[PDB]
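What follows is the content of work-v2.txt, which has compact mmCIF, C-alpha atoms:
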```txt
# COMPACT_ATOMS: atom_id res chain seq x y z
CA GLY T 10 -71.97 10.61 76.92
CA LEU T 11 -70.21 9.90 73.60
CA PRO T 12 -68.68 6.47 72.71
CA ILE T 13 -65.03 5.73 73.54
CA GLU T 14 -64.25 5.34 69.83
CA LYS T 15 -64.59 9.08 69.24
CA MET T 16 -61.77 10.32 71.52
CA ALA T 17 -59.89 10.57 68.21
CA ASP T 18 -62.02 13.62 67.44
CA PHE T 19 -60.72 15.50 70.51
CA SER T 20 -57.30 16.99 71.23
CA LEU T 21 -55.03 15.61 73.95
CA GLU T 22 -55.61 18.72 76.09
CA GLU T 23 -59.34 18.41 75.95
CA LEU T 24 -59.04 14.70 76.71
CA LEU T 25 -57.00 15.55 79.78
CA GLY T 26 -59.37 18.29 80.82
CA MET T 27 -62.19 15.83 80.23
CA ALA T 28 -60.55 13.32 82.58
CA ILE T 29 -60.09 15.90 85.29
CA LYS T 30 -63.78 16.87 85.13
CA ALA T 31 -64.84 13.21 85.01
CA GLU T 32 -62.56 12.52 87.96
CA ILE T 33 -64.17 15.35 89.95
CA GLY T 34 -67.62 14.08 89.07
CA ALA T 35 -66.93 10.55 90.28
CA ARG T 36 -65.39 11.96 93.43
CA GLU T 37 -68.47 13.89 94.51
CA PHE T 38 -70.65 11.09 93.15
CA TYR T 39 -69.06 8.43 95.34
CA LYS T 40 -69.06 10.98 98.16
CA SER T 41 -72.80 11.55 97.85
CA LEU T 42 -73.55 7.84 97.21
CA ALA T 43 -71.80 6.65 100.38
CA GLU T 44 -73.45 9.45 102.35
CA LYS T 45 -76.83 7.84 101.76
CA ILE T 46 -76.37 4.13 102.45
CA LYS T 47 -76.96 3.11 106.06
CA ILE T 48 -75.33 -0.21 105.11
CA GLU T 49 -72.43 -1.06 107.44
CA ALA T 50 -70.20 -2.60 104.73
CA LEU T 51 -70.95 -0.93 101.40
CA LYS T 52 -70.56 2.64 102.66
CA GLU T 53 -66.95 1.79 103.53
CA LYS T 54 -65.93 0.52 100.08
CA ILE T 55 -67.57 3.49 98.40
CA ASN T 56 -65.83 5.94 100.70
CA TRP T 57 -62.44 4.44 99.91
CA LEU T 58 -63.28 4.82 96.21
CA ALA T 59 -63.97 8.52 96.69
CA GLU T 60 -60.41 9.02 98.00
CA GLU T 61 -58.88 7.29 95.03
CA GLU T 62 -60.74 9.62 92.67
CA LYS T 63 -59.47 12.52 94.77
CA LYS T 64 -55.84 11.73 94.00
CA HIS T 65 -56.56 10.95 90.37
CA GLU T 66 -57.43 14.62 89.93
CA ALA T 67 -54.29 15.75 91.70
CA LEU T 68 -52.21 13.61 89.36
CA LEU T 69 -54.13 14.73 86.30
CA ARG T 70 -53.94 18.42 87.35
CA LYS T 71 -50.17 17.97 87.60
CA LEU T 72 -49.60 16.18 84.29
CA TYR T 73 -51.79 18.71 82.51
CA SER T 74 -49.67 21.53 83.87
CA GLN T 75 -46.53 19.70 82.74
CA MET T 76 -47.88 19.26 79.20
CA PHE T 77 -49.39 22.80 79.26
CA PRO T 78 -47.36 25.36 81.30
CA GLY T 79 -49.04 28.53 82.50
CA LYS T 80 -52.38 27.38 81.07
CA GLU T 81 -55.71 27.23 82.85
CA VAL T 82 -57.53 23.90 82.49
CA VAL T 83 -60.56 24.56 80.22
CA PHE T 84 -63.11 21.79 80.77
CA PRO T 85 -64.77 20.76 77.47
CA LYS T 86 -68.51 20.95 77.20
CA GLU T 87 -68.57 17.38 75.88
CA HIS T 88 -67.57 14.06 77.47
CA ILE T 89 -67.01 10.34 76.89
CA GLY T 90 -68.87 7.59 78.74
CA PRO T 91 -71.63 8.19 81.35
CA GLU T 92 -71.42 11.25 83.61
CA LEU T 93 -72.55 10.44 87.15
CA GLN T 94 -74.25 13.20 89.13
CA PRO T 95 -74.22 13.44 92.95
CA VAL T 96 -77.22 11.73 94.55
CA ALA T 97 -79.43 14.27 96.29
CA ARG T 98 -82.61 12.29 96.97
CA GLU T 99 -82.82 9.39 99.41
CA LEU T 100 -82.48 5.66 98.86
CA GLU T 101 -85.96 4.28 99.51
CA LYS T 102 -85.54 0.76 98.14
CA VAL T 103 -82.57 -1.61 97.94
CA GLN T 104 -83.34 -1.37 94.23
CA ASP T 105 -82.04 2.21 94.14
CA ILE T 106 -78.65 1.04 95.44
CA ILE T 107 -78.52 -1.47 92.59
CA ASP T 108 -79.39 1.18 90.02
CA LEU T 109 -76.49 3.34 91.24
CA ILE T 110 -74.01 0.47 91.58
CA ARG T 111 -74.79 -0.79 88.09
CA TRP T 112 -74.19 2.65 86.62
CA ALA T 113 -71.08 3.25 88.71
CA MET T 114 -69.32 0.15 87.31
CA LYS T 115 -70.64 1.12 83.94
CA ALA T 116 -68.71 4.39 84.36
CA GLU T 117 -65.56 2.68 85.75
CA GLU T 118 -65.50 0.16 82.87
CA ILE T 119 -65.49 2.99 80.31
CA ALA T 120 -63.04 5.11 82.36
CA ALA T 121 -60.49 2.30 82.09
CA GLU T 122 -60.99 2.16 78.33
CA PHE T 123 -60.46 5.93 78.36
CA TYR T 124 -57.03 5.73 79.99
CA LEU T 125 -55.88 2.71 77.98
CA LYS T 126 -56.50 4.66 74.82
CA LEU T 127 -55.01 7.80 76.40
CA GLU T 128 -51.91 5.70 77.07
CA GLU T 129 -51.55 5.28 73.33
CA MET T 130 -52.19 8.94 72.39
CA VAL T 131 -49.28 9.86 74.70
CA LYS T 132 -45.48 9.43 74.54
CA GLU T 133 -42.66 9.39 77.09
CA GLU T 134 -42.76 6.21 79.19
CA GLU T 135 -43.38 8.10 82.46
CA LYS T 136 -46.75 9.46 81.29
CA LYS T 137 -47.59 6.02 79.95
CA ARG T 138 -47.21 4.43 83.40
CA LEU T 139 -49.42 7.18 84.82
CA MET T 140 -52.24 6.42 82.41
CA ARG T 141 -51.56 2.74 83.03
CA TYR T 142 -51.91 3.38 86.77
CA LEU T 143 -55.28 5.15 86.28
CA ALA T 144 -56.55 2.37 84.06
CA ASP T 145 -55.61 -0.23 86.70
CA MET T 146 -57.25 1.68 89.54
CA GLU T 147 -60.39 2.13 87.42
CA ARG T 148 -60.55 -1.56 86.49
CA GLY T 149 -59.96 -2.30 90.13
CA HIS T 150 -63.04 -0.28 91.07
CA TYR T 151 -64.97 -2.31 88.50
CA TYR T 152 -64.47 -5.64 90.27
CA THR T 153 -64.86 -4.09 93.71
CA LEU T 154 -68.26 -2.71 92.69
CA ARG T 155 -69.23 -5.84 90.78
CA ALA T 156 -68.58 -7.87 93.96
CA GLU T 157 -70.99 -5.89 96.16
CA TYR T 158 -73.37 -5.65 93.21
CA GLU T 159 -74.41 -9.33 92.96
CA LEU T 160 -74.94 -9.56 96.72
CA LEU T 161 -77.36 -6.64 96.96
CA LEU T 162 -79.29 -8.06 93.99
CA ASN T 163 -79.83 -11.51 95.46
CA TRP T 164 -80.84 -9.87 98.76
CA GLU T 165 -77.93 -11.64 100.48
CA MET T 166 -75.59 -10.09 103.03
CA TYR T 167 -72.08 -11.61 102.66
CA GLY G 10 -46.48 -24.15 94.16
CA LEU G 11 -48.74 -26.18 91.87
CA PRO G 12 -50.30 -24.76 88.67
CA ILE G 13 -54.02 -23.94 88.72
CA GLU G 14 -54.34 -26.69 86.10
CA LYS G 15 -53.66 -29.39 88.64
CA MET G 16 -56.54 -28.42 90.90
CA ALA G 17 -58.29 -31.61 89.80
CA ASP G 18 -55.79 -33.61 91.85
CA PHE G 19 -57.69 -32.55 94.99
CA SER G 20 -61.17 -32.74 96.50
CA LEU G 21 -63.53 -29.89 97.25
CA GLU G 22 -62.68 -30.01 100.96
CA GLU G 23 -58.94 -30.26 100.28
CA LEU G 24 -59.20 -27.29 97.99
CA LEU G 25 -61.26 -25.32 100.49
CA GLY G 26 -58.56 -26.13 103.03
CA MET G 27 -55.98 -24.76 100.59
CA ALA G 28 -58.07 -21.60 100.16
CA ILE G 29 -58.28 -21.03 103.89
CA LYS G 30 -54.54 -21.66 104.17
CA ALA G 31 -53.82 -19.18 101.39
CA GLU G 32 -55.98 -16.51 102.93
CA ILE G 33 -54.37 -17.02 106.30
CA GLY G 34 -50.85 -16.56 105.03
CA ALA G 35 -51.94 -13.67 102.83
CA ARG G 36 -53.40 -11.66 105.70
CA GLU G 37 -50.23 -12.02 107.69
CA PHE G 38 -48.19 -11.27 104.59
CA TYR G 39 -49.78 -7.88 104.03
CA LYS G 40 -49.71 -7.13 107.75
CA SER G 41 -45.91 -7.36 107.63
CA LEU G 42 -45.61 -5.64 104.31
CA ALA G 43 -47.46 -2.54 105.49
CA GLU G 44 -45.59 -2.75 108.79
CA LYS G 45 -42.40 -2.27 106.83
CA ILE G 46 -42.81 0.48 104.24
CA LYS G 47 -42.12 3.99 105.53
CA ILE G 48 -44.18 5.21 102.57
CA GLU G 49 -47.20 7.11 103.86
CA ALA G 50 -49.26 6.08 100.83
CA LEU G 51 -48.43 2.55 99.81
CA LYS G 52 -48.57 1.36 103.44
CA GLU G 53 -52.06 2.88 103.25
CA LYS G 54 -53.03 0.87 100.15
CA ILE G 55 -51.39 -2.22 101.54
CA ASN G 56 -53.26 -1.72 104.81
CA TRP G 57 -56.73 -1.29 103.29
CA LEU G 58 -56.05 -4.34 101.19
CA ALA G 59 -55.08 -6.35 104.28
CA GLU G 60 -58.32 -5.42 106.05
CA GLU G 61 -60.48 -6.22 103.05
CA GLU G 62 -59.10 -9.76 102.94
CA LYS G 63 -59.47 -10.33 106.68
CA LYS G 64 -63.05 -11.49 106.29
CA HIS G 65 -62.10 -14.00 103.57
CA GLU G 66 -60.91 -16.61 106.06
CA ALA G 67 -63.97 -16.51 108.28
CA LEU G 68 -66.11 -16.56 105.12
CA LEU G 69 -64.47 -19.71 103.82
CA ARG G 70 -64.52 -21.44 107.20
CA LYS G 71 -68.24 -20.85 107.22
CA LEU G 72 -68.73 -22.42 103.82
CA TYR G 73 -66.53 -25.41 104.70
CA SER G 74 -68.78 -25.76 107.75
CA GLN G 75 -71.87 -25.45 105.53
CA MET G 76 -70.82 -28.23 103.12
CA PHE G 77 -68.98 -30.35 105.73
CA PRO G 78 -70.86 -30.02 109.05
CA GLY G 79 -68.98 -31.49 111.97
CA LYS G 80 -65.77 -32.22 110.04
CA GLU G 81 -62.64 -30.27 110.94
CA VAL G 82 -60.74 -28.43 108.25
CA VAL G 83 -57.91 -30.37 106.66
CA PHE G 84 -54.90 -28.67 105.08
CA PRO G 85 -53.09 -30.59 102.32
CA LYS G 86 -49.28 -30.31 102.12
CA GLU G 87 -49.44 -29.18 98.51
CA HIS G 88 -50.68 -25.77 97.44
CA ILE G 89 -51.62 -23.95 94.24
CA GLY G 90 -49.86 -20.73 93.32
CA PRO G 91 -47.20 -18.79 95.25
CA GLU G 92 -47.19 -19.11 99.02
CA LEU G 93 -46.60 -15.69 100.56
CA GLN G 94 -44.43 -15.78 103.68
CA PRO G 95 -44.64 -13.01 106.33
CA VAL G 96 -42.13 -10.19 105.77
CA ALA G 97 -39.83 -9.93 108.78
CA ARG G 98 -36.69 -8.33 107.26
CA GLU G 99 -36.08 -4.62 106.70
CA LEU G 100 -36.69 -3.16 103.24
CA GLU G 101 -33.50 -1.36 102.23
CA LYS G 102 -34.19 -0.47 98.63
CA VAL G 103 -37.15 0.19 96.38
CA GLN G 104 -36.34 -3.00 94.45
CA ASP G 105 -37.25 -5.03 97.57
CA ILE G 106 -40.63 -3.27 97.72
CA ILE G 107 -40.95 -3.96 93.98
CA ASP G 108 -40.35 -7.70 94.34
CA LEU G 109 -42.82 -8.12 97.22
CA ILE G 110 -45.57 -6.17 95.42
CA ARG G 111 -44.90 -8.13 92.21
CA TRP G 112 -45.34 -11.47 94.04
CA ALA G 113 -48.45 -10.17 95.78
CA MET G 114 -50.28 -9.42 92.56
CA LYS G 115 -49.09 -12.79 91.32
CA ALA G 116 -50.64 -14.45 94.34
CA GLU G 117 -53.82 -12.42 93.81
CA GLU G 118 -53.73 -13.46 90.17
CA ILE G 119 -53.73 -17.16 90.95
CA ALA G 120 -56.27 -16.64 93.79
CA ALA G 121 -59.04 -15.01 91.75
CA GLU G 122 -58.47 -17.58 88.99
CA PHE G 123 -58.70 -20.22 91.72
CA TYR G 124 -62.05 -18.95 93.07
CA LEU G 125 -63.26 -18.83 89.47
CA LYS G 126 -62.71 -22.55 89.09
CA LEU G 127 -63.95 -23.45 92.57
CA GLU G 128 -67.05 -21.55 91.53
CA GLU G 129 -67.73 -24.02 88.75
CA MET G 130 -66.36 -27.01 90.71
CA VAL G 131 -69.27 -26.48 93.18
CA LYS G 132 -73.09 -26.50 92.93
CA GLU G 133 -75.91 -24.42 94.44
CA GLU G 134 -76.18 -20.78 93.35
CA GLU G 135 -75.66 -19.27 96.79
CA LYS G 136 -72.31 -21.08 97.17
CA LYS G 137 -71.10 -20.17 93.66
CA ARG G 138 -71.99 -16.60 94.51
CA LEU G 139 -69.49 -16.62 97.39
CA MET G 140 -66.82 -17.93 95.02
CA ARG G 141 -67.63 -15.27 92.42
CA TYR G 142 -67.59 -12.55 95.11
CA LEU G 143 -64.24 -13.80 96.40
CA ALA G 144 -62.80 -14.04 92.86
CA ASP G 145 -63.89 -10.50 91.86
CA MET G 146 -62.56 -9.07 95.12
CA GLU G 147 -59.25 -10.84 94.42
CA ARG G 148 -59.30 -9.75 90.78
CA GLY G 149 -59.72 -6.20 92.09
CA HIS G 150 -56.83 -6.48 94.55
CA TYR G 151 -54.74 -7.70 91.60
CA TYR G 152 -55.35 -4.54 89.56
CA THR G 153 -54.89 -2.25 92.56
CA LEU G 154 -51.56 -3.97 93.24
CA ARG G 155 -50.35 -3.60 89.63
CA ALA G 156 -51.20 0.10 89.69
CA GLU G 157 -48.90 0.45 92.67
CA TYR G 158 -46.25 -1.67 90.96
CA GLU G 159 -46.79 0.50 87.85
CA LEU G 160 -46.18 3.78 89.72
CA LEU G 161 -43.30 2.30 91.69
CA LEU G 162 -41.42 1.90 88.41
CA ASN G 163 -41.16 5.67 87.91
CA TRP G 164 -39.33 5.81 91.26
CA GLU G 165 -35.99 4.54 89.99
CA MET G 166 -35.37 3.21 86.47
CA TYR G 167 -33.00 4.96 84.05
```
What does this structure look like when you write it as structure tokens?
Amino acid sequence: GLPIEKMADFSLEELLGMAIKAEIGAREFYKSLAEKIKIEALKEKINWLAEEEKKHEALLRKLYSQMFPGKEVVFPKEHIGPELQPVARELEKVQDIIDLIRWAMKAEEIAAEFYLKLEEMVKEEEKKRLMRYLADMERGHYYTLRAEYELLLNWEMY
Amino acid sequence: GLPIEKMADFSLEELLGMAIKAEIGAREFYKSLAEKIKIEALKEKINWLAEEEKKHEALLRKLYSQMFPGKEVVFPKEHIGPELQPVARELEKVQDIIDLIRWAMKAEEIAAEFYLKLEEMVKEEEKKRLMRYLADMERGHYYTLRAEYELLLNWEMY
């Protein structure tokens, strides 16, 4: 996707509709990632991350309606940061897991930056907390993923 | 308790004992927190967080056994950072939930920062990897906790 610096070129509605889409993408992503793991430890963490992304959409769908009554969310054809697609193939090597975990955190790291900036391009303290919440959850997924990352890489199990 | 700065006043084993002690009291702290919540959502977050940190104790006890074979764990009277006590009282207001979550992220704050130092205050890559893993996991619990705290502010306020 496009760099975080260019959110200034999009309107607040498109940025919100962008978040919703992104949030739906991560959701199915994490859903499909965990589906293909066979690792009694990682699959759990990933599943719990899918739920969190589930609620993020609910909250974003709500806010959007609040800021835009009677409107139908129109997902922009452009996005910021990497856009993860649901894994269809199978994980042959441990290396594949790495590849997906490295990109996942790469998407979470940018998603946090996205909400921090969105916190600024928004007023009314209640909506600021909301964006703040989303940024914290996203950063949280960063460390969670980073933790399991290093282990898989060194071929070590806890 | 004692500031992270004065970690040098103790040995590696004394510190590891502190770590174990902290993780023990933590686990039982969250167990009581969730127990008392009546909020089918936060009790959920607080419960997943309690489970995640259940393996921390056994993980540390293993390391202490790996660097000090045969020697029983020793717990120093002093301790770094806030010492979370188990919640036995009934939560009457949201402020009470606020306080307890605020202290929890504080404790997670000092904990990750603790495992960051212990990481450097120890040699052998495999061992520093456990510290790093523990620190990132704690760092992640810290952000998750602040998100909650963040969204719990919308509850009351003025």
> If you count only C-alpha atoms, which residues fall within 12 Å of residue 47 of chain T, apart from same-chain ones fewer than 2 positions away, as a PyMOL selection string?
Replying inline: chain T and resi 42-45+49-53+99-103+106
>> I need the chain G residues near chain T as a ChimeraX atom specification; criterion: at most 8 Å, counting all atoms listed in the file.
In response: /G:138-139,141-143,145-146,148-153,155-157,159-160,163
Output the coordinates of chain G after least-squares fitting to chain T on all in-order C-alpha pairs, as a short mmCIF file (atom, residue, chain, number, x, y, z; two decimals) with C-alpha atoms, keeping the file's coordinate frame.
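Ended up saving to selection.cif:
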```
data_model
loop_
_atom_site.label_atom_id
_atom_site.label_comp_id
_atom_site.auth_asym_id
_atom_site.auth_seq_id
_atom_site.Cartn_x
_atom_site.Cartn_y
_atom_site.Cartn_z
CA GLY G 10 -72.28 10.27 76.84
CA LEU G 11 -70.05 9.53 73.86
CA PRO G 12 -68.59 6.06 73.14
CA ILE G 13 -64.89 5.50 73.83
CA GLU G 14 -64.59 4.98 70.07
CA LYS G 15 -65.15 8.64 69.36
CA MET G 16 -62.23 9.81 71.47
CA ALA G 17 -60.45 10.73 68.24
CA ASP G 18 -62.86 13.64 67.82
CA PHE G 19 -60.90 15.51 70.52
CA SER G 20 -57.38 16.73 71.25
CA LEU G 21 -55.06 15.60 74.00
CA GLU G 22 -55.81 18.70 76.07
CA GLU G 23 -59.56 18.42 75.47
CA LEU G 24 -59.42 14.81 76.54
CA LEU G 25 -57.33 15.62 79.60
CA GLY G 26 -59.95 18.24 80.43
CA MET G 27 -62.62 15.54 80.11
CA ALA G 28 -60.60 13.28 82.42
CA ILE G 29 -60.30 15.97 85.07
CA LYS G 30 -64.02 16.68 84.72
CA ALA G 31 -64.86 13.00 85.10
CA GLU G 32 -62.71 12.62 88.17
CA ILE G 33 -64.22 15.70 89.73
CA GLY G 34 -67.78 14.51 89.36
CA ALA G 35 -66.80 11.00 90.41
CA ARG G 36 -65.31 12.11 93.72
CA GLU G 37 -68.42 14.03 94.59
CA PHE G 38 -70.55 11.14 93.39
CA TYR G 39 -69.04 8.66 95.81
CA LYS G 40 -69.03 11.24 98.60
CA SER G 41 -72.82 11.39 98.34
CA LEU G 42 -73.24 7.70 97.79
CA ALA G 43 -71.42 6.79 101.00
CA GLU G 44 -73.20 9.65 102.76
CA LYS G 45 -76.45 7.88 102.00
CA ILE G 46 -76.15 4.16 102.71
CA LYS G 47 -76.87 3.17 106.31
CA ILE G 48 -74.91 -0.01 105.57
CA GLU G 49 -71.90 -0.17 107.87
CA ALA G 50 -69.89 -2.08 105.26
CA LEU G 51 -70.69 -0.82 101.80
CA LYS G 52 -70.43 2.81 102.96
CA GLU G 53 -66.98 1.66 104.08
CA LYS G 54 -66.05 0.29 100.64
CA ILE G 55 -67.59 3.28 98.95
CA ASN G 56 -65.65 5.58 101.26
CA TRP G 57 -62.23 3.99 100.72
CA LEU G 58 -62.91 4.09 97.02
CA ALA G 59 -63.76 7.80 97.20
CA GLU G 60 -60.50 8.59 98.99
CA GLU G 61 -58.40 6.56 96.59
CA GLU G 62 -59.71 8.58 93.65
CA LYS G 63 -59.24 11.93 95.38
CA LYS G 64 -55.65 12.18 94.21
CA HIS G 65 -56.62 11.48 90.58
CA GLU G 66 -57.70 15.06 89.92
CA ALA G 67 -54.59 16.70 91.30
CA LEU G 68 -52.53 14.10 89.41
CA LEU G 69 -54.14 14.94 86.10
CA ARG G 70 -53.97 18.69 86.67
CA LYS G 71 -50.27 18.25 87.16
CA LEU G 72 -49.83 16.40 83.90
CA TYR G 73 -51.96 18.93 81.99
CA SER G 74 -49.62 21.53 83.49
CA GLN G 75 -46.60 19.46 82.44
CA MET G 76 -47.66 19.16 78.78
CA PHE G 77 -49.39 22.57 78.58
CA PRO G 78 -47.43 25.01 80.79
CA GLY G 79 -49.21 28.30 81.31
CA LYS G 80 -52.45 27.26 79.59
CA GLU G 81 -55.60 26.95 81.70
CA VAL G 82 -57.60 23.75 81.61
CA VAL G 83 -60.43 23.68 79.11
CA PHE G 84 -63.51 21.50 79.56
CA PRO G 85 -65.35 20.45 76.39
CA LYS G 86 -69.17 20.24 76.50
CA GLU G 87 -69.12 16.65 75.31
CA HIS G 88 -67.97 13.75 77.45
CA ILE G 89 -67.15 10.06 77.05
CA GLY G 90 -68.99 7.49 79.12
CA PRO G 91 -71.64 8.00 81.83
CA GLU G 92 -71.55 11.24 83.77
CA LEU G 93 -72.16 10.51 87.45
CA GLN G 94 -74.25 13.16 89.20
CA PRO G 95 -74.02 13.68 93.00
CA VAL G 96 -76.60 11.66 94.95
CA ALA G 97 -78.82 14.02 96.93
CA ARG G 98 -82.03 11.95 97.33
CA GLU G 99 -82.72 9.34 100.01
CA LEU G 100 -82.23 5.67 99.17
CA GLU G 101 -85.47 3.89 100.04
CA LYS G 102 -84.89 0.43 98.66
CA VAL G 103 -82.00 -1.87 97.88
CA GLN G 104 -82.80 -1.54 94.16
CA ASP G 105 -81.78 2.14 94.34
CA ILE G 106 -78.43 1.13 95.86
CA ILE G 107 -78.19 -1.51 93.11
CA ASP G 108 -78.71 0.99 90.29
CA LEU G 109 -76.16 3.49 91.63
CA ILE G 110 -73.49 0.81 92.16
CA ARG G 111 -74.21 -0.63 88.69
CA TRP G 112 -73.66 2.80 87.05
CA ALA G 113 -70.53 3.35 89.13
CA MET G 114 -68.80 0.24 87.85
CA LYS G 115 -69.96 1.25 84.39
CA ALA G 116 -68.30 4.62 84.81
CA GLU G 117 -65.17 2.90 86.15
CA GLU G 118 -65.34 0.56 83.18
CA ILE G 119 -65.25 3.36 80.63
CA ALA G 120 -62.65 5.27 82.72
CA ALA G 121 -59.96 2.58 82.85
CA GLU G 122 -60.55 1.86 79.15
CA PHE G 123 -60.20 5.61 78.60
CA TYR G 124 -56.85 5.86 80.42
CA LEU G 125 -55.73 2.83 78.42
CA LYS G 126 -56.22 4.72 75.18
CA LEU G 127 -54.88 8.03 76.48
CA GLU G 128 -51.84 5.98 77.41
CA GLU G 129 -51.18 5.15 73.79
CA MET G 130 -52.45 8.53 72.51
CA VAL G 131 -49.49 10.13 74.38
CA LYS G 132 -45.68 9.82 74.22
CA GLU G 133 -42.86 9.74 76.79
CA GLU G 134 -42.68 6.72 79.11
CA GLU G 135 -43.14 8.64 82.34
CA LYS G 136 -46.45 10.11 81.10
CA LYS G 137 -47.76 6.77 79.78
CA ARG G 138 -46.92 5.34 83.17
CA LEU G 139 -49.34 7.77 84.84
CA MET G 140 -52.05 6.70 82.39
CA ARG G 141 -51.35 3.01 83.03
CA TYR G 142 -51.37 3.60 86.81
CA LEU G 143 -54.67 5.48 86.55
CA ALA G 144 -56.19 2.80 84.28
CA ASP G 145 -55.19 -0.12 86.57
CA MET G 146 -56.47 1.73 89.64
CA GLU G 147 -59.76 2.30 87.79
CA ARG G 148 -59.82 -1.29 86.55
CA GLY G 149 -59.43 -2.32 90.19
CA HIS G 150 -62.26 -0.07 91.40
CA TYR G 151 -64.40 -1.68 88.69
CA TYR G 152 -63.90 -5.20 90.06
CA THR G 153 -64.32 -4.09 93.67
CA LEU G 154 -67.60 -2.43 92.67
CA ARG G 155 -68.91 -5.54 90.86
CA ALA G 156 -68.13 -7.68 93.90
CA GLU G 157 -70.36 -5.40 95.92
CA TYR G 158 -73.01 -5.46 93.20
CA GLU G 159 -72.59 -9.27 93.14
CA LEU G 160 -73.21 -9.65 96.90
CA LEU G 161 -76.01 -7.10 96.85
CA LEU G 162 -77.97 -9.46 94.60
CA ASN G 163 -78.31 -12.06 97.37
CA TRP G 164 -80.06 -9.37 99.44
CA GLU G 165 -83.40 -9.56 97.67
CA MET G 166 -84.09 -11.61 94.53
CA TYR G 167 -86.55 -14.52 94.53
#
```
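Each of T:69, T:35, T:76, T:130 was checked against residue 56 of chain T using all atoms listed in the file; the smallest atom-to-atom distance is that of T:35.
The two atoms in question, atom CA of residue 95 of chain G and atom CA of residue 39 of chain G, are spaced 7.6 Å apart.
Between atom CA of residue 40 of chain G and atom CA of residue 96 of chain G the interatomic distance comes to 8.4 Å.
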>> Would you compute the distance between atom CA of residue 90 of chain G and atom CA of residue 34 of chain G? Give it in Å to one decimal.
In response: 12.5 Å
> Quick one: residues within 9 Å of residue 93 of chain G, only C-alpha atoms counted, chain neighbours fewer than 4 positions away excluded, as a PyMOL selection string?
Replying inline: chain G and resi 31+34-35+37-38+112-113+116
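With all atoms listed in the file as the atoms that count, the residue of G:59, G:48, G:162, G:119 with the shortest distance to residue 36 of chain G is G:59.
Across T:89, T:72, T:82, T:11, the tightest approach to residue 121 of chain T is made by T:89 when counting all atoms listed in the file.
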